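Okay, structure first, notes after.
4 protein chains.
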Amino acid sequence: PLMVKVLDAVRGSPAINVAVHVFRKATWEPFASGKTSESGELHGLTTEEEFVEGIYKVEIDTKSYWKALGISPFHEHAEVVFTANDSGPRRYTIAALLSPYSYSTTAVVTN
Amino acid sequence: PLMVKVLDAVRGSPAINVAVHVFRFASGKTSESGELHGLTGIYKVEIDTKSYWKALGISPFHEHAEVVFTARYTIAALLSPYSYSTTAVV
Amino acid sequence: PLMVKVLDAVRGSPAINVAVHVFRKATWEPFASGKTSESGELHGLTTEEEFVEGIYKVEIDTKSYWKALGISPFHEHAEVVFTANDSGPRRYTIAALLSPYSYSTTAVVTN
Amino acid sequence: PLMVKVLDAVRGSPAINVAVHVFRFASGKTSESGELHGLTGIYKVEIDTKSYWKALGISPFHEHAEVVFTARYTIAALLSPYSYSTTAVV
Ligand SMILES: O=C(O)c1ccc(-c2cccnc2)cc1
Ligand SMILES: O=C(O)c1ccc(-c2cccnc2)cc1
Ligand SMILES: [Ca+2]
Ligand SMILES: [Ca+2]
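So the protein sequences, as listed, match chains A, B, C and D. Note that the first sequence covers residues 31 to 56, 60 to 144 in UniProt numbering. Note that the second sequence covers residues 31 to 54, 64 to 79, 87 to 117, 124 to 142 in UniProt numbering. Note that the third sequence covers residues 31 to 56, 60 to 144 in UniProt numbering. Note that the fourth sequence covers residues 31 to 54, 64 to 79, 87 to 117, 124 to 142 in UniProt numbering.
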């Protein structure tokens, strides 16, 4: 139900081993977290049972990622905050593209 | 020293009258050119994209666009209903 | 060796049935073309045998796509032009994100 | 009526002295603020991103950024070595 995919615009590659923290609005309660794979993807964050309606924030730790590659980051993280499952359960993929001074995110939502 | 600019990728225009709150702090609403001047460590710029889309009658994915960075800075955000990108020019 | 993936930022979905034309620099010679799947992906454009070094242009037909959905497009197409395989064969994925008045593309290149 | 603006997403700055050729037509190189004024159906704006990156000592993926559209227009391009995004504001 919640997938994150991250690409690196500086290296021309997936963004590998990037930390992703998901929080749910209670204050922001920790909900789920993970690290992207060698494909830049993070599956297994959560389950249909755990993924309730509410306001979720996904924070992708772009600062650590760039610092580990030896690159100066501008942002602390790339984030996405969205209301989930309000009219019914859905599946969300958050796709992100990273550069040191810019990031882009989009959502794909399926029923 | 800190400017915010907001653009609409659907209609190809500035995003007018968008609420922008800066934390660490400053706030405003965007002008007819999509810019917010005169707002004024680690800063958060929270752009009320949900109200912008809903005024247009478009269902948007995000609650807001929040951009968090360490500190003359221009923070631009390009909006679509299910995406946003943001840039810093310094 | 050459994959294209396309997402729609207006609908929150893959960009389905979008035409993609690839040309190689001779004038631009037709090289390969296809349409994205229900996942927004286009596999099977070309083969390791056919994919030689050279300058390639990938043109994604964003105008037809938006017109078919009833949306006014600004661009004629989203394009990407790049030198391929110069220091050796590689695999290229071109990922694109579409809005009516904007598009983004990135490349993932693997050996 | 037609402005071009080019920004660098790696260094967080305008892209200075970039060659831009418009077809249908006009050409120029970007200024210290990354803008090209005074350039002046279907138009192509070809931005020489490869020369920009190679002057910085960075190997870039694209040959150029070419943006083709049907026609006051601002065409912005945000550059990274393996990506570019482009916006039209009208
Ligand atoms: O289909 C995909 O895997 C995929 C497609 C496009 C992106 C993408 C492109 C540009 C900006 N942001 C995200 C990311 C992933
Ligand atoms: O200053 C501007 O006009 C301007 C600033 C930023 C962008 C932009 C942002 C994200 C992706 N692509 C382009 C575009 C234009
Ligand atoms: Ca509900
Ligand atoms: Ca060679």
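In this text, a Cβ means the ideal position worked out from N, Cα and C, and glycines have one as well.
| Query | Result |
| --- | --- |
| Beta-carbon proximity check, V114/C vs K90/C, cutoff 8 Å | yes |
| Cβ pair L32/C, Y136/C closer than 8 Å | no |
| Cα-Cα separation, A128/B to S43/C | 24 Å |
| For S97/C, the first and last residue of its enclosing alpha helix (DSSP H) | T95 to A101 |
| Three-state class that DSSP yields for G73/B in the structure shown | coil |
| Three-way DSSP call (helix, strand, coil) for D38/B in this model | strand |
| Other residues of its chain near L37/D: CB distance less than 8 Å, five sequence neighbours each side excluded | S43, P44, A45, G73, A128, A129, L130 and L131 |
| C-beta contact flag for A111/D and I88/D at 8 Å | no |
| Extent of the continuous beta strand (DSSP E) run through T79/C | Per DSSP, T79/C belongs to no beta strand (DSSP E) and is neither H nor E. |
| C-beta neighbour in chain D for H51/C, strict 8 Å | no |
| Any C-beta of chain B under 8 Å from that of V36/D | no |
| CA-to-CA distance, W99/D to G67/D, given in whole angstroms | 18 Å |
| Any non-hydrogen atom of ligand 4 closer than 7 Å to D119/A Cβ | no |
| Delimiting residues of the beta strand (DSSP E) encompassing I127/B | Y125 to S132 |
| Residues within the stretch 124 to 142 of chain A neighbouring chain D, beta-carbon criterion of under 8 Å | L130, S132, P133, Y134, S135 and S137 |
| Run of the beta strand (DSSP E) containing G121/A, from where it starts to where it stops | Run containing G121/A: none; DSSP gives neither H nor E here. |
| Same chain, Cβ closer than 6 Å to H51/C, neighbours up to 5 away in sequence not counted | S66 and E92 |
| For residue 59/D, three-class secondary structure by DSSP | For residue 59/D, nothing is modelled; it lies in the interval where chain D passes from 54 to 64 with no residues in between. |
| N-terminal and C-terminal residue of the beta strand (DSSP E) that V142/D is part of | Counting along the chain, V142/D falls outside any beta strand (DSSP E), and DSSP gives it neither H nor E. |
| Proximal chain B residues relative to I104/A, where beta-carbon distance stays under 7 Å | Ordered by position in chain B, no residue passes the 7 Å Cβ test against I104/A, which lies about 14 Å from the chain. |
| Cutoff 8 Å: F107/A Cβ touching any chain B Cβ | yes |
| Whether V48/C touches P133/B by CB criterion (8 Å) | no |
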